[PDB]
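Asker: sequence first, structure after; it's an experimental one.
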Amino acid sequence: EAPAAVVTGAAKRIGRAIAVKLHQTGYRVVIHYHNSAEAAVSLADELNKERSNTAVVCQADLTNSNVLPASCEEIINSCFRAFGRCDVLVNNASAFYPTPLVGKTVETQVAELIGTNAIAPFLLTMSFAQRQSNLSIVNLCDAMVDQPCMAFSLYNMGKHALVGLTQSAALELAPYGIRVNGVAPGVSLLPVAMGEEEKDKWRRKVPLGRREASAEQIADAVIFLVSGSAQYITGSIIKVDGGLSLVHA
Amino acid sequence: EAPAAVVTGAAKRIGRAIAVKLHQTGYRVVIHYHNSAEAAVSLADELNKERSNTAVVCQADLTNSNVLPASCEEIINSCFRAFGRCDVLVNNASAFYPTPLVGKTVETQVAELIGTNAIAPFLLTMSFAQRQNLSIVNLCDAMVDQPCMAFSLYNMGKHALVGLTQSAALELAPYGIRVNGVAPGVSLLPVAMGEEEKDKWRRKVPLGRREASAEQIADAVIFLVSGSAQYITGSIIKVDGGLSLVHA
Amino acid sequence: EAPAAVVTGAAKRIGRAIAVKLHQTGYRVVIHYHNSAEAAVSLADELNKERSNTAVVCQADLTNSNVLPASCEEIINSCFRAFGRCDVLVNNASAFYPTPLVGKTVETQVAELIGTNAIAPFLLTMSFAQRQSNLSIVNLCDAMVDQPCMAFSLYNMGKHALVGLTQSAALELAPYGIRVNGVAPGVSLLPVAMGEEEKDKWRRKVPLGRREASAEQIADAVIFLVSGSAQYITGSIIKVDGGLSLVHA
Amino acid sequence: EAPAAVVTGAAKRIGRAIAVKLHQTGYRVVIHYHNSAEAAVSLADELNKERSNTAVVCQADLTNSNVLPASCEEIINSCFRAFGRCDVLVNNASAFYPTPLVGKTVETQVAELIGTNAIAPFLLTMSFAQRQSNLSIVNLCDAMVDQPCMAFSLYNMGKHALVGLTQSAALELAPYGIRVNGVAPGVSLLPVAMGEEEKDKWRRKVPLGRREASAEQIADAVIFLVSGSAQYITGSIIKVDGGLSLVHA
Ligand SMILES: NC(=O)c1ccc[n+]([C@@H]2O[C@H](COP(=O)([O-])OP(=O)(O)OC[C@H]3O[C@@H](n4cnc5c(N)ncnc54)[C@H](OP(=O)(O)O)[C@@H]3O)[C@@H](O)[C@H]2O)c1
Ligand SMILES: NC(=O)c1ccc[n+]([C@@H]2O[C@H](COP(=O)([O-])OP(=O)(O)OC[C@H]3O[C@@H](n4cnc5c(N)ncnc54)[C@H](OP(=O)(O)O)[C@@H]3O)[C@@H](O)[C@H]2O)c1
Ligand SMILES: NC(=O)c1ccc[n+]([C@@H]2O[C@H](COP(=O)([O-])OP(=O)(O)OC[C@H]3O[C@@H](n4cnc5c(N)ncnc54)[C@H](OP(=O)(O)O)[C@@H]3O)[C@@H](O)[C@H]2O)c1
Ligand SMILES: NC(=O)c1ccc[n+]([C@@H]2O[C@H](COP(=O)([O-])OP(=O)(O)OC[C@H]3O[C@@H](n4cnc5c(N)ncnc54)[C@H](OP(=O)(O)O)[C@@H]3O)[C@@H](O)[C@H]2O)c1
Ligand SMILES: Nc1nc2ccc(Cl)cc2[nH]1
Ligand SMILES: Nc1nc2ccc(Cl)cc2[nH]1
Ligand SMILES: Nc1nc2ccc(Cl)cc2[nH]1
Ligand SMILES: Nc1nc2ccc(Cl)cc2[nH]1
C-alpha cells in the first residue's frame, strides 16, 4: 500500500509541482483547490492516467470563519475516504496581497490573509494529528519574513504565525512520531498579475543565478523533508531562496 | 501640553504598571480594560488624584469579530476625545491559555488568542496611524522560539505580533512613527499558580532566579517611548533575565 | 563614591560619545585607545576639567596575539588602579575593512578583525569578571550581521562571534550579578574614508529619517543598558538602526 | 569522471559517516585527519576496496597559526592532485571543550577552538574558491548556538563565526555558482569522554524519540545539500536536532 499526501492549493504553480513530485515518489495525492476547478481536475486526470486511483480533488475555501474547522476536517477526511490513510500534509494554499496601514473590507482581508496562511494550517494540523510509518507536515513559509514587502503587514503576520505553528506543532507532535517542518521560498514563480518590469527587478536581486526558483526546486525541498533522509528533522525551516534574504538594502 | 498614551489591558499587572510609569513620566492615559472595571476605575481615580483630568477608562472586547475594527477605532478615538492627541499606543492586552492539538470551541480560541495578541494590535495600529515623538510598543514574548507545550494558538499570536512590529516599523517610519517591542520571559506569574510551581520557573532564570516585576517590564517600555530611543524602530527588547538562553 | 567604566576605542566617534555620556551620567572613565593618542588625551583633558580626577587614558593593541590576554588584563587593572573599582565595560574598539575570498597577510587580517571584534571582548570579559552594585558589560555589535557587506567575511565572522560571546557571557556571569548586553548600530557615523556620495547611498536606505544615527543616539542605548532601568536585562542585543535591517534588497 | 569531495576530520564519527555517504553516492574523497592516522587509512582502505583509487588521506593541524593558511591550501591542493578536481568541501573538523570565564593556555584554546570551527573553514573556503558543475560547501554548525552549553564561550563564539562565514561566503561566492550551506546537529554521537548517565540526560530531552541522531542522519542532510535537489539553496543552515532546540529550560 502506497502512502498518501494532502497538498493544499495544489491546482497550480508551486502546489502543483509539489503534488506532481509527491506522486512521482510513490504517493497517492489529494489535490485541494479553491477556485481553480478545471486545473485541479486536469491534474488528477494526468496523475491517474499514470497510476490509476492515486489522485482525487477536494474543494475548500480556507478563509477564516466559524466553519473553517469543519472544512479543514473535511480535507483530511477526504484523504482517508479515498486512500484509507494520510501520511503527509503540505500547507501550501495562501492569499498574498497588500493591506496598507494608512474593495475588500478589513474584516475580509484579516480572514483571508490570516486564515489561509495561518489558521487553516493550524486546523489542518489538528485534524491531521487527531486522525492518526513516516508521518510529517510541511508548511510553505517565506524567506523574506524579517525583511517584509512594504504594506504587506497582514500577509507577513500570517507567515510569522506559520513559523510559530511549525515550531509549536513540531514540539507537541514529536511523541506521536509526526515531524513538522517548513520550506521558505524567497522568489520563485512570480505573481501572475506582477508586471514584467517588477519581475526582472526581483530577478536581478538574487545572488545565485539572478533568477527565481522553478516550482520544481521548491518541491525538491518538500520531498527531502517528507523522505526517510529527514527522519531526525523536525521544527526546521529550509530557505530555498538563492541567497536573496542575505542581501542588505 | 502633555502627551497622551493608550494602554490596552491596563487595569492590572503589567499593563497597570506601564500606565502608572507613563503617567508619572507626564503622560495623560487612556486605561483600556475588558472585564476588570473596578480595577480600571480605581486606577483612573488614583491617577486623577495625582493630576486632575489626566486619566480616562475605555471598555472593549479585543476578540476577533466583525466589530473589532470599530472597537479599535473607538479606543483610539477616545484618546483624541479625552486629550486632543494620541502620541503613544501600547498593545498589552492578551489572552493566554493552552490550545492542545490533540469549554470554548476552537473557533472562539482562535478569535480570542489571535484577536488579542495580533489582530487587535494591527487594527489599533491602523487607526492610530490614520489619525496622525510618536511610537507604538507591542508586548511580545521572549520564549516565542521555545514555546510552552500545547500553546500553539497563543504562540502563533505572539509570532504574528513580531511580524506586525517589523512590518509597521517599516511602513510607518516615513510618518515618523516608531514601532518597537518589549519581550518578557517570566514576569508576574498567573494569579492561580502555586508557589511551588512559580518556583520551578523562577529557578530557571539565570539573573537572580526570580521573575521580572511589572515595573521592570514597564521600564523598557518607558525607554522605547522616550527621546533616548528616537532612532530605534523595529526592535524587540527582551526583558527576561537570560531565560531564553537556557537550553533544555 | 562614583562608579567607573572602561570604554575601548574611546578616543573618537561612537566610543568617545559613549565615554562622554557615561561621564555626564556620573561615571569615572578609562579611555582606551590604540593609535589615537592625541584625541584620547584631548578627551580626558575635557572630562577632567569638568570634574577633576575622573578620566584616564590607556593604550593597548587589541590585535590577537599570545600577549593579548596580558594586555586586556592590564586595561581592567588600570581602571582599578585609577578608581578602585570597575563597574562597566563597553567593548567598542573594532577593526573594519574588506577581506575578499577570491597589504596585510591573511594571518594579520584574522588577528585584527577577529582579535578586536571577538577575542579581546572575550579576554576583557574574563578579566572584568575575575577582578570582581550594578555591574554590566555592553558589546557594540552590528544590526547588519545577517545581511552582511559583500567581501567582509572576517569582520562579519568577528561580529557573529561577539553575539555568541554576549549570549554565553550573559548566561555564565548572571550568577555573579554581571549583566551582558549589546547595542547594534546599522548605519551611524560613516567611515572617514567614505566620500559624501557613498554616504548618501547608505543614508537613503534608512526608513526612519533617511539618515545615519548620531553617535549620541547609539550612546543613549548603551546608557539605558547600564542603568537601573535595565536591571533585569541580560543577553539582549538592542538594534539602533532606524529600521535599516528590515529593508529588503 | 566522478566528482570529488574534501571532508575535514573525516576519520571518525560524523566526518566518517559523511565521507562514507559521499563515496556511496559516487564521490571520490579526501579524508582529512589530525591525530587519527590509523582510522583514516582504515577508512581509505575500505572505500578503495569498494572502488580502486577513489579515496586518499590528508594530514593537517587546523589550529590557528602562521602556517594555517598554507595548511588549508594544501588540503585543497591534495584533492586536485589526487582527483584533478574539487567539487565539495565539508567543514566538519572541530575542537570542543569548556573554557570557563571565571593544561592549555587561554591563547592555545583560542587558537584551537576559533581556528578549527571558524578560521580554518574560512581559509579552506578561500582556497576552494580560488582554485575554481555543482560546487558547494557544507559547514558543520550547531543547533544549540543560541542556547549554548554553560562555560563554552570560545566554542560557541567559533560556531557563531561559522554561521557568519556560511552567510558571507554564500553571498560572495554565488556569482561563481558556488553554494554555501550548513548542517546543524543538536545531540548526535555524544563525546567519548561524556559520562553514561550524562548522555542519557541529553537523550531524554530530545522531543523526537528521546535519542540522539545517528552520524548517518547528519550525513543525510549533507548529501541533500550537495545534490542537484538543493541547486537553488545557499546561505541556508538545516537543523537536524529532533526538536531539541525548541525545548525551553
Ligand atoms: N515566489 C513565490 O511564489 C513565493 C515566495 C515566498 C513564499 N511563497 C509561498 O509558497 C506557497 C506557494 O506559492 P505560490 O505562489 O505557488 O502560491 P499562490 O499561487 O499565490 O497560491 C496558491 C493557491 O492558494 C490558494 N488560495 C488562495 N486563497 C485561498 C483561499 N481563500 N482558500 C483556499 N485556497 C486559497 C489558491 O487556490 P485556487 O487557485 O484553487 O483558488 C492558489 O492557487 C505559498 O504559501 C506562498 O506564500 C511563494
Ligand atoms: N506575565 C508574564 O510573565 C508574561 C510573559 C511573557 C509575555 N507577557 C506579555 O506581556 C503582556 C502583559 O502580561 P500580563 O501577565 O500582565 O497579562 P495578563 O494579566 O495575562 O492580561 C492582561 C490583560 O489583557 C486583557 N485581556 C484578556 N483578554 C482580553 C480580551 N478578550 N479583550 C480585551 N482585553 C483582554 C485583560 O483585561 P481585563 O482584566 O480587563 O479583562 C487582562 O487584564 C501580555 O501581552 C503578555 O502576553 C507576559
Ligand atoms: N559606525 C557605524 O556606522 C557602525 C555600524 C555598525 C556597527 N558599528 C560598531 O560600533 C562600534 C563603534 O563604531 P565606530 O565607527 O565608532 O568605530 P571605528 O571608528 O571604526 O573604530 C573605533 C576604534 O577602534 C579602535 N581599534 C581599531 N583597531 C584596533 C586595534 N587593533 N587595537 C585596539 N583598538 C583598535 C580604534 O582606536 P584608535 O583610533 O585609538 O587607534 C578606533 O578609533 C564598533 O564596534 C563598530 O563595529 C558601527
Ligand atoms: N556530535 C554531536 O552531537 C554534535 C553536536 C553539535 C554539533 N556538532 C558538529 O558536528 C561536527 C562533527 O561532530 P563530531 O562529534 O563528529 O566531532 P568530533 O568527534 O568532536 O571531532 C571531529 C574531528 O575533528 C578533528 N579535529 C579536532 N581538533 C582538530 C585540530 N586542531 N586540527 C585538525 N582537526 C581537528 C579531529 O580529528 P582527528 O581525530 O583526526 O584528530 C576529530 O576526530 C563538528 O563540527 C561539531 O561541532 C556535533
Ligand atoms: N501566496 C504567495 N505568497 C507569496 C509571497 C511572495 C511572492 Cl513573490 C508570491 C507569493 N504568493
Ligand atoms: N497574556 C500572557 N501571556 C503570557 C505568557 C507567559 C506568562 Cl507566565 C503569562 C502570560 N500572560
Ligand atoms: N568598526 C566598525 N564597524 C563598522 C561597521 C559599519 C560601519 Cl558604517 C562602520 C564600522 N566601523
Ligand atoms: N566538535 C564537537 N562539537 C560538539 C557539540 C556538541 C556535541 Cl554533543 C559534540 C561536539 N563535538
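Answerer: Happy to help now that I have it. Numbers count the residues shown, from 1 in each chain, chains lettered A, B, ... in the order given. Ligands and ions are numbered 1, 2, ... in the order given.
Asker: excluding sequence neighbours, find me the nearest residue to the residue located most distally from the centre of chain A.
Answerer: When distances are taken from the C-alpha mean of chain A, residue A:102 lies farthest, 29.9 Å away, according to C-alpha atoms, centre = their mean. Leaving aside its chain neighbours, residue A:102 sits nearest to residue B:129 (5.1 Å; criterion: C-beta to C-beta, 6 or more residues apart in numbering or on different chains). In short, each C-beta sits where N, CA and C put it, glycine included.
Asker: how close does that neighbour sit to ligand 6?
Answerer: Distance, residue B:129 to ligand 6, by C-beta to the nearest ligand atom, to the nearest Å: 25 Å.
Asker: hang on, the earlier thing: contacting residues around the residue farthest from the centre of chain A?
Answerer: By C-beta atoms under 8 Å, 6 or more residues apart in numbering or on different chains, the contact list for residue A:102 reads B:126, B:129, B:130, B:171, B:172, B:175.
Asker: could you rerun that using 10 Å?
Answerer: A:151, B:125, B:126, B:129, B:130, B:131, B:132, B:171, B:172, B:174, B:175, B:177 (C-beta atoms under 10 Å, 6 or more residues apart in numbering or on different chains).
Asker: mind listing the strands for chain A?
Answerer: A:4-7, A:28-33, A:55-59, A:88-91, A:136-140, A:179-185, A:237-240 (DSSP state E).
Asker: residues from chain A in reach of ligand 5?
Answerer: A:94, A:96, A:142, A:187, A:190, A:191 (C-beta under 6 Å from any ligand atom).
Asker: the second one touches residue A:142, doesn't it?
Answerer: It stands for residue A:96. Yes - using C-beta atoms under 10 Å, residue A:96 is in contact with residue A:142, at 9.2 Å.
Asker: now for the two: what residues contact both?
Answerer: A:117, A:149, A:152, A:155, A:158, A:159.
Asker: ok, the fifth one touching residue A:119?
Answerer: Yes - using C-beta under 10 Å, residue A:158 and residue A:119 qualify as a contacting pair, with a distance of 8.5 Å.
Asker: closest to ligand 3 out of the strands of chain A?
Answerer: strand A:237-240 (24.5 Å; C-beta to the nearest ligand atom).
Asker: OK, contacts around residue A:42?
Answerer: Per C-beta under 10 Å, 6+ apart, neighbours of residue A:42: A:11, A:16, A:31, A:36, A:57.
Asker: what about the last one, how many residues close to it?
Answerer: The one in question is residue A:57. Neighbour count of residue A:57, defined by other C-beta atoms under 10 Å in any protein chain shown: 22.
Asker: quick one, what contacts it?
Answerer: Per C-beta under 10 Å, 6+ apart, neighbours of residue A:57: A:10-11, A:29-33, A:36-37, A:39-45, A:78, A:82.
Asker: which among these count as buried?
Answerer: A:10-11, A:29-33, A:36, A:39-40, A:43-44, A:78, A:82 (16 or more other C-beta atoms under 10 Å in any protein chain shown).
Asker: out of these, which is nearest to ligand 2?
Answerer: residue A:32 (32.2 Å).
Asker: longest helix in chain A, please.
Answerer: helix A:153-173 (DSSP state H).
Asker: what backbone torsions are found at the residue nearest to the spatial centre of chain A?
Answerer: The geometric centre of chain A, computed from its C-alpha atoms, lies nearest to residue A:92 (C-alpha atoms, centre = their mean), at 1.5 Å. The phi/psi pair for residue A:92 (degrees, to the nearest 10) reads phi -110, psi -40.
Asker: which residues touch it?
Answerer: So residue A:92 contacts A:6-10, A:13-19, A:32, A:116, A:121, A:138-140, A:183, A:218, A:222 (C-beta under 10 Å, 6+ apart).
Asker: hmm, try it at 6 Å
Answerer: A:7, A:8, A:9, A:15, A:140 (C-beta atoms under 6 Å, 6 or more residues apart in numbering or on different chains).
Asker: all the helices of chain A, residue numbers only.
Answerer: Using DSSP H, helices in chain A cover A:13-25, A:37-50, A:68-83, A:106-114, A:120-131, A:153-173, A:196-203, A:215-226.
Asker: now the second one against strand A:55-59, angle please.
Answerer: With axes from the mean of the first three to the mean of the last three C-alpha atoms, to 10 degrees applied, the angle from helix A:37-50 to strand A:55-59 works out at 160 degrees.
Asker: is ligand 1 within reach of helix A:37-50?
Answerer: No - Helix A:37-50 stays out of contact with ligand 1 when judged by C-beta under 6 Å from any ligand atom, the minimum separation being 6.7 Å.
Asker: and the angle for that helix with strand A:28-33?
Answerer: Using the same axes, to 10 degrees: helix A:37-50 against strand A:28-33 is 170 degrees.
Asker: now swap in the shortest one and tell me
Answerer: Here helix A:196-203 runs at an angle of 130 degrees relative to strand A:28-33 (the same axes, to 10 degrees).
Asker: need the residues that contact helix A:196-203.
Answerer: With C-beta under 6 Å, 6+ apart, helix A:196-203 has contacts from A:187, A:190, A:210, A:211, A:212.
Asker: count the neighbours of the residue of chain A found nearest ligand 2 for me.
Answerer: Proximity of chain A to ligand 2 (C-beta to the nearest ligand atom) peaks at residue A:164, 13.5 Å away. The number of residues packed near residue A:164 is 28, by other C-beta under 10 Å.
Asker: now do residue A:176
Answerer: 12.
Asker: and residue A:72, by the same measure?
Answerer: With other C-beta under 10 Å as criterion, residue A:72 counts 24.
Asker: one more: the one 5 residues further on?
Answerer: Residue A:77 is surrounded by 14 other residues when neighbours are defined as other C-beta under 10 Å.
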